[PDB]
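*Asks:* Questions regarding the structure given below will be posed in turn.
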Amino acid sequence: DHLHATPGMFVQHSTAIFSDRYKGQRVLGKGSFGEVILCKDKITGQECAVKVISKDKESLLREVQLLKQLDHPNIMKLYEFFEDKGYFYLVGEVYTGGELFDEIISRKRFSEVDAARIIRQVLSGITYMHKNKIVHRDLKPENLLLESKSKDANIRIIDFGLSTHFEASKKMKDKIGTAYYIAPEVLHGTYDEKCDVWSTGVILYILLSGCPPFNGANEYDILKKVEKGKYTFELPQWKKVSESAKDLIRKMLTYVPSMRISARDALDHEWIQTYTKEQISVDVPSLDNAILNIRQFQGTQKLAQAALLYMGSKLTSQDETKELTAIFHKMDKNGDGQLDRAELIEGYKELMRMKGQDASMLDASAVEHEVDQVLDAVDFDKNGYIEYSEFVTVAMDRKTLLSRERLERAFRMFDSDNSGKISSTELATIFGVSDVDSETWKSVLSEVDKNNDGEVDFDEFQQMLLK
Ligand SMILES: Nc1ncnc2c1ncn2[C@@H]1O[C@H](COP(=O)(O)OP(=O)(O)NP(=O)(O)O)[C@@H](O)[C@H]1O
Ligand SMILES: [Ca+2]
Ligand SMILES: [Ca+2]
Ligand SMILES: [Ca+2]
Ligand SMILES: [Ca+2]
């Protein structure tokens, strides 16, 4: 019955029709014409990518349920999922840099420093997925999108159509994937999440050499080579490549699954952790402001909590969140895309150092105490970590977040029956729960309900957040 807010809970919540929220602009990307479309949010102006499917049914809902559970800077963001009598609409964050595949086929080779940045990002994404008991099963350059045409463009893992939850008690069986990238043990039909590490190793091999490690004339020929598992670093193709990169590839293409490196350990591999010593630059004012915002969140009621998370997780662009994203990655010491307690502690210590404060001025456990309070307050879903959307929601300048349009969008999202007022039932529904506690609704009303009708109109909704 608990009210734990996640970005995922908003995805299928809209009572509205697709065409009443979005205006179609052009086709987007290089696929079959008209299947993916660039659209503008009619209220906010926000551009998005809409996958339109004419109506297969069951598996698309599985995909949506998985994407809803995932909130990571290297995983595609899903905004909304609509269903008509004739169409499904998957509305997502737009990534304008095209597939990694297309960068590969347009150049001989990636430099080690360039391949490492890309692979770090993939490994950050799948370390997070695996920790959440989700395996991708179709990692390949086609399913990695670049966020923009910029040369520093972040990588997004997409196309979770073949993805599933996995358990330690039973093995996966489905002989599923794509020939160049599929782990030998998938072919044999008993496997675990290490199948994703193999696929990622193949991507890495291709990035550094320009060729697949298991090749052939057709799908059957490719699969026999994969089954056999034998690969080589042919000279002179590989002559200039460092031993350390080869070491990583050797670990990720390790044939026996139990001896293959995990995604977390690959993320922690020396080649990944040492490829650069460049530090992300964050100015004192911005970090200080972020921490300020973060620590002041304690005590917020549930309607405001859900409203803010909707706005931060669904209605903010990358351009709008640039500084906060940089702060997030700076604080994310192990680079797994989550902030844990230890990392938050170091974030506080870092700020103190930057501001020229004396740390010993505080008692030994002063920082730990602060972080324990911040954690309870900012960890929306109570999973013990601060995820990217939780962080941005709370760390962003509140006046910036609460634009007129975001406010309208948020209100209409909660006001399911379009009555002009938000009810306790409408709050219960958005949280995906059967009933909201009588106590929880009361704590909302005592702060927000200015005219004592037991519901929240647009005027009170604005005041709740703005004042
Ligand atoms: N969020 C997004 N931003 C930008 N481009 C995207 C996004 N999602 C998908 N695409 C692109 O849209 C194209 C089509 O993908 P998809 O919708 O799976 O159709 P497809 O690739 O033709 N295969 P299928 O959908 O199974 O018929 C690919 O180039 C994708 O990279
Ligand atoms: Ca982390
Ligand atoms: Ca959390
Ligand atoms: Ca209503
Ligand atoms: Ca009222």
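We label chains A, B, ... in the order they appear in the structure tokens, count residues from 1 in each chain, and number ligands from 1 in the order shown.
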Residues within 8 Å of ligand 4, counting only C-alpha atoms and all ligand atoms: report them as a PyMOL selection string.

*Replies:* chain A and resi 414-423+426

*Asks:* Please dump the current selection as a PDB file, in the first residue's frame; keep N, CA, C and O atoms.

*Replies:*
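Wrote it out as out-v6.pdb, contents follow:
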ATOM      1  N   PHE A 414      -2.463  14.379 -13.434  1.00  0.00           N
ATOM      2  CA  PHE A 414      -3.137  13.957 -12.206  1.00  0.00           C
ATOM      3  C   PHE A 414      -4.686  14.066 -12.305  1.00  0.00           C
ATOM      4  O   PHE A 414      -5.416  13.217 -11.777  1.00  0.00           O
ATOM      5  N   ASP A 415      -5.185  15.098 -12.986  1.00  0.00           N
ATOM      6  CA  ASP A 415      -6.643  15.312 -13.100  1.00  0.00           C
ATOM      7  C   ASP A 415      -7.230  14.391 -14.186  1.00  0.00           C
ATOM      8  O   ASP A 415      -7.615  14.844 -15.265  1.00  0.00           O
ATOM      9  N   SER A 416      -7.268  13.088 -13.879  1.00  0.00           N
ATOM     10  CA  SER A 416      -7.636  12.027 -14.837  1.00  0.00           C
ATOM     11  C   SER A 416      -9.000  12.246 -15.489  1.00  0.00           C
ATOM     12  O   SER A 416      -9.124  12.184 -16.719  1.00  0.00           O
ATOM     13  N   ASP A 417     -10.018  12.502 -14.669  1.00  0.00           N
ATOM     14  CA  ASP A 417     -11.378  12.700 -15.183  1.00  0.00           C
ATOM     15  C   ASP A 417     -11.654  14.129 -15.660  1.00  0.00           C
ATOM     16  O   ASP A 417     -12.795  14.459 -15.969  1.00  0.00           O
ATOM     17  N   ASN A 418     -10.615  14.969 -15.714  1.00  0.00           N
ATOM     18  CA  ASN A 418     -10.731  16.347 -16.243  1.00  0.00           C
ATOM     19  C   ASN A 418     -11.757  17.230 -15.519  1.00  0.00           C
ATOM     20  O   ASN A 418     -12.338  18.138 -16.122  1.00  0.00           O
ATOM     21  N   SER A 419     -11.973  16.967 -14.231  1.00  0.00           N
ATOM     22  CA  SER A 419     -12.988  17.687 -13.464  1.00  0.00           C
ATOM     23  C   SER A 419     -12.524  19.078 -13.036  1.00  0.00           C
ATOM     24  O   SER A 419     -13.333  19.895 -12.609  1.00  0.00           O
ATOM     25  N   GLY A 420     -11.226  19.346 -13.155  1.00  0.00           N
ATOM     26  CA  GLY A 420     -10.659  20.605 -12.673  1.00  0.00           C
ATOM     27  C   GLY A 420     -10.066  20.508 -11.270  1.00  0.00           C
ATOM     28  O   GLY A 420      -9.480  21.476 -10.784  1.00  0.00           O
ATOM     29  N   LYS A 421     -10.223  19.352 -10.616  1.00  0.00           N
ATOM     30  CA  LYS A 421      -9.720  19.143  -9.255  1.00  0.00           C
ATOM     31  C   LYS A 421      -9.129  17.749  -9.102  1.00  0.00           C
ATOM     32  O   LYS A 421      -9.679  16.779  -9.628  1.00  0.00           O
ATOM     33  N   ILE A 422      -8.011  17.655  -8.380  1.00  0.00           N
ATOM     34  CA  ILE A 422      -7.391  16.366  -8.080  1.00  0.00           C
ATOM     35  C   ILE A 422      -7.957  15.754  -6.794  1.00  0.00           C
ATOM     36  O   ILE A 422      -7.972  16.404  -5.747  1.00  0.00           O
ATOM     37  N   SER A 423      -8.390  14.497  -6.881  1.00  0.00           N
ATOM     38  CA  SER A 423      -8.975  13.776  -5.751  1.00  0.00           C
ATOM     39  C   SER A 423      -7.976  12.814  -5.144  1.00  0.00           C
ATOM     40  O   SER A 423      -6.936  12.527  -5.754  1.00  0.00           O
ATOM     41  N   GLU A 426      -7.523   9.872  -7.492  1.00  0.00           N
ATOM     42  CA  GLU A 426      -6.605  10.221  -8.574  1.00  0.00           C
ATOM     43  C   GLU A 426      -5.139  10.227  -8.149  1.00  0.00           C
ATOM     44  O   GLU A 426      -4.259   9.984  -8.971  1.00  0.00           O
TER      45      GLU A 426
END

*Asks:* Please give me, as a PDB file with N, CA and C atoms, in the first residue's frame, the residues lying within 8 Å of ligand 2 when counting only C-alpha atoms and all ligand atoms.

*Replies:*
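Written file, out.pdb:
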ATOM      1  N   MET A 331      29.685  13.005  -8.983  1.00  0.00           N
ATOM      2  CA  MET A 331      29.442  12.348  -7.700  1.00  0.00           C
ATOM      3  C   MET A 331      29.380  10.820  -7.786  1.00  0.00           C
ATOM      4  N   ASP A 332      29.009  10.294  -8.959  1.00  0.00           N
ATOM      5  CA  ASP A 332      28.894   8.843  -9.176  1.00  0.00           C
ATOM      6  C   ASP A 332      30.266   8.169  -9.337  1.00  0.00           C
ATOM      7  N   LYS A 333      30.961   8.014  -8.217  1.00  0.00           N
ATOM      8  CA  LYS A 333      32.355   7.551  -8.208  1.00  0.00           C
ATOM      9  C   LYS A 333      32.593   6.230  -8.961  1.00  0.00           C
ATOM     10  N   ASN A 334      31.725   5.238  -8.766  1.00  0.00           N
ATOM     11  CA  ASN A 334      31.943   3.933  -9.400  1.00  0.00           C
ATOM     12  C   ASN A 334      31.298   3.862 -10.799  1.00  0.00           C
ATOM     13  N   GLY A 335      30.630   4.954 -11.190  1.00  0.00           N
ATOM     14  CA  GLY A 335      30.117   5.123 -12.560  1.00  0.00           C
ATOM     15  C   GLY A 335      29.013   4.155 -12.973  1.00  0.00           C
ATOM     16  N   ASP A 336      28.286   3.613 -11.996  1.00  0.00           N
ATOM     17  CA  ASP A 336      27.193   2.677 -12.274  1.00  0.00           C
ATOM     18  C   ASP A 336      25.829   3.370 -12.482  1.00  0.00           C
ATOM     19  N   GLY A 337      25.834   4.702 -12.506  1.00  0.00           N
ATOM     20  CA  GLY A 337      24.614   5.486 -12.780  1.00  0.00           C
ATOM     21  C   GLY A 337      23.616   5.625 -11.642  1.00  0.00           C
ATOM     22  N   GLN A 338      24.028   5.245 -10.430  1.00  0.00           N
ATOM     23  CA  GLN A 338      23.250   5.429  -9.212  1.00  0.00           C
ATOM     24  C   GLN A 338      24.133   6.148  -8.200  1.00  0.00           C
ATOM     25  N   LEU A 339      23.537   6.943  -7.319  1.00  0.00           N
ATOM     26  CA  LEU A 339      24.302   7.517  -6.215  1.00  0.00           C
ATOM     27  C   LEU A 339      24.002   6.753  -4.947  1.00  0.00           C
ATOM     28  N   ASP A 340      25.031   6.175  -4.332  1.00  0.00           N
ATOM     29  CA  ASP A 340      24.820   5.498  -3.056  1.00  0.00           C
ATOM     30  C   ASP A 340      25.243   6.381  -1.874  1.00  0.00           C
ATOM     31  N   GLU A 343      28.886   7.560  -1.844  1.00  0.00           N
ATOM     32  CA  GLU A 343      29.093   8.577  -2.873  1.00  0.00           C
ATOM     33  C   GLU A 343      28.530   9.957  -2.476  1.00  0.00           C
TER      34      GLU A 343
END

*Asks:* Kindly work out which residues sit at most 9 Å from ligand 1, using only C-alpha atoms and all ligand atoms, and give the list as a PyMOL selection string.

*Replies:* chain A and resi 27-33+35-38+48-53+76-78+91-99+142-147+156+158-159+161

*Asks:* Please return as a PyMOL selection string the residues found within 7 Å of ligand 3, counting only C-alpha atoms and all ligand atoms.

*Replies:* chain A and resi 379-387+390

*Asks:* Write the residues you've just listed into a file as a compact mmCIF listing (two decimals), in the first residue's frame, and include N, CA and C atoms for each of them.

*Replies:*
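Written output follows (out_6.txt):
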# COMPACT_ATOMS: atom_id res chain seq x y z
N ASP A 379 15.24 9.84 -1.90
CA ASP A 379 15.08 8.51 -2.46
C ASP A 379 13.59 8.20 -2.61
N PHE A 380 12.98 8.71 -3.68
CA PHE A 380 11.53 8.59 -3.92
C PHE A 380 10.96 7.18 -3.79
N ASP A 381 11.68 6.19 -4.34
CA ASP A 381 11.15 4.83 -4.40
C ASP A 381 11.68 3.96 -3.29
N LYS A 382 12.46 4.57 -2.39
CA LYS A 382 13.00 3.90 -1.21
C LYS A 382 13.81 2.64 -1.52
N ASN A 383 14.50 2.66 -2.65
CA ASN A 383 15.36 1.54 -3.02
C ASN A 383 16.79 1.65 -2.48
N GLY A 384 17.05 2.71 -1.72
CA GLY A 384 18.36 2.91 -1.08
C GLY A 384 19.42 3.55 -1.95
N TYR A 385 19.03 4.01 -3.14
CA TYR A 385 19.91 4.73 -4.04
C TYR A 385 19.18 5.95 -4.58
N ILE A 386 19.94 6.95 -4.98
CA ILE A 386 19.39 8.11 -5.68
C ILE A 386 19.67 7.93 -7.17
N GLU A 387 18.61 7.74 -7.95
CA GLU A 387 18.73 7.45 -9.36
C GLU A 387 18.77 8.78 -10.07
N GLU A 390 15.51 11.00 -9.88
CA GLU A 390 15.34 11.47 -8.49
C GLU A 390 16.25 12.67 -8.21

*Asks:* Please return as a VMD selection string the residues found within 8 Å of ligand 5, counting only C-alpha atoms and all ligand atoms.

*Replies:* chain A and resid 421 445 448 to 457 460

*Asks:* For the contact check between segment 104-164 of chain A and segment 193-205 of chain A, emit one row per residue of segment 104-164 of chain A within 10 Å, containing the shortest atom pair and the distance in Å rounded to one decimal, counting only C-alpha atoms, chain then rising number order, as CSV.

*Replies:*
residue,atom,partner,partner_atom,distance
A:110,CA,A:204,CA,9.6
A:112,CA,A:204,CA,9.7
A:115,CA,A:204,CA,6.9
A:116,CA,A:204,CA,8.3
A:118,CA,A:204,CA,8.8
A:119,CA,A:204,CA,6.8
A:122,CA,A:200,CA,7.6
A:123,CA,A:200,CA,7.8
A:126,CA,A:196,CA,7.6
A:127,CA,A:197,CA,9.5
A:129,CA,A:193,CA,9.6
A:130,CA,A:193,CA,6.9
A:133,CA,A:193,CA,8.4
A:134,CA,A:193,CA,7.9
A:135,CA,A:193,CA,5.6
A:136,CA,A:196,CA,6.6
A:137,CA,A:196,CA,5.9
A:138,CA,A:196,CA,7.7
A:139,CA,A:199,CA,5.9
A:140,CA,A:203,CA,6.4
A:141,CA,A:203,CA,6.8
A:164,CA,A:193,CA,10.0

*Asks:* Convert the current residue selection to file output with C-alpha atoms, as a CSV table (one decimal), in the first residue's frame.

*Replies:*
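Result file again_29.csv:
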chain,number,residue,atom,x,y,z
A,110,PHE,CA,37.8,3.9,-33.2
A,112,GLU,CA,41.2,3.2,-27.7
A,115,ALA,CA,36.0,3.1,-27.7
A,116,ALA,CA,36.6,3.1,-24.0
A,118,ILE,CA,31.5,4.3,-25.4
A,119,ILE,CA,32.0,0.9,-23.8
A,122,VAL,CA,27.3,0.5,-22.2
A,123,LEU,CA,28.8,-1.2,-19.2
A,126,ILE,CA,24.1,-3.1,-18.1
A,127,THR,CA,25.7,-3.1,-14.7
A,129,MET,CA,20.3,-3.5,-15.5
A,130,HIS,CA,21.8,-6.6,-14.1
A,133,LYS,CA,17.7,-8.4,-12.5
A,134,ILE,CA,17.1,-7.4,-16.1
A,135,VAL,CA,19.1,-8.8,-19.1
A,136,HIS,CA,19.0,-7.1,-22.5
A,137,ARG,CA,19.8,-10.0,-24.8
A,138,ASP,CA,20.2,-7.9,-28.0
A,139,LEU,CA,23.2,-5.6,-27.4
A,140,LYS,CA,24.6,-4.5,-30.7
A,141,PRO,CA,25.6,-1.2,-32.4
A,164,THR,CA,13.6,-10.1,-19.7

*Asks:* What gap, in Å, lies between atom CA of residue 349 of chain A and atom CA of residue 394 of chain A?

*Replies:*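 Separating atom CA of residue 349 of chain A from atom CA of residue 394 of chain A is a distance of 19.5 Å.
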
*Asks:* So, with only C-alpha atoms as the atoms that count, which of A:413, A:67, A:282, A:428 lies closest to residue 16 of chain A?

*Replies:*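 Selected residue with least distance to residue 16 of chain A: A:413.
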
*Asks:* Please extract the residues of segment 122-369 of chain A with a backbone DSSP assignment of strand (DSSP E or B) and present them as a PyMOL selection string.

*Replies:* chain A and resi 134-135+144-146+155-157+164-165+172+191+338-339

*Asks:* Output the selection as a compact mmCIF listing (two decimals), in the first residue's frame - N, CA, C and O atoms for each residue.

*Replies:*
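Saved to result.txt:
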# COMPACT_ATOMS: atom_id res chain seq x y z
N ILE A 134 17.56 -7.50 -14.74
CA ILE A 134 17.09 -7.41 -16.11
C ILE A 134 18.26 -7.63 -17.06
O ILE A 134 19.35 -7.06 -16.88
N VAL A 135 18.04 -8.47 -18.06
CA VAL A 135 19.07 -8.77 -19.05
C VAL A 135 18.51 -8.27 -20.38
O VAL A 135 17.30 -8.38 -20.64
N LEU A 144 22.31 0.97 -29.91
CA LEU A 144 22.95 1.99 -29.12
C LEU A 144 22.80 3.27 -29.92
O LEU A 144 23.29 3.37 -31.03
N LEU A 145 22.06 4.23 -29.37
CA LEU A 145 21.88 5.49 -30.06
C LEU A 145 22.74 6.58 -29.45
O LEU A 145 22.92 6.64 -28.24
N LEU A 146 23.25 7.48 -30.29
CA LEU A 146 23.95 8.64 -29.82
C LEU A 146 22.92 9.74 -29.56
O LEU A 146 22.00 9.95 -30.38
N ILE A 155 25.69 7.85 -25.03
CA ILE A 155 25.14 6.63 -25.61
C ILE A 155 23.86 6.21 -24.86
O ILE A 155 23.82 6.26 -23.64
N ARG A 156 22.84 5.80 -25.60
CA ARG A 156 21.61 5.25 -25.02
C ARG A 156 21.35 3.84 -25.53
O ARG A 156 21.30 3.59 -26.74
N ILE A 157 21.13 2.93 -24.59
CA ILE A 157 20.72 1.60 -24.97
C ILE A 157 19.23 1.60 -25.26
O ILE A 157 18.44 2.08 -24.44
N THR A 164 14.35 -9.39 -20.69
CA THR A 164 13.56 -10.14 -19.70
C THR A 164 14.17 -9.97 -18.32
O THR A 164 15.32 -9.53 -18.20
N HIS A 165 13.40 -10.29 -17.28
CA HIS A 165 13.94 -10.49 -15.94
C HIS A 165 14.62 -11.85 -15.89
O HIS A 165 14.19 -12.80 -16.56
N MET A 172 17.89 -19.03 -17.94
CA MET A 172 17.19 -18.69 -19.17
C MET A 172 17.50 -19.72 -20.24
O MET A 172 18.55 -20.37 -20.20
N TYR A 191 21.68 -20.40 -20.10
CA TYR A 191 22.53 -19.23 -19.92
C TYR A 191 22.04 -18.26 -18.85
O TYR A 191 20.93 -18.39 -18.35
N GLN A 338 24.03 5.24 -10.43
CA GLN A 338 23.25 5.43 -9.21
C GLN A 338 24.13 6.15 -8.20
O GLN A 338 25.35 5.99 -8.23
N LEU A 339 23.54 6.94 -7.32
CA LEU A 339 24.30 7.52 -6.22
C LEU A 339 24.00 6.75 -4.95
O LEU A 339 22.85 6.69 -4.52
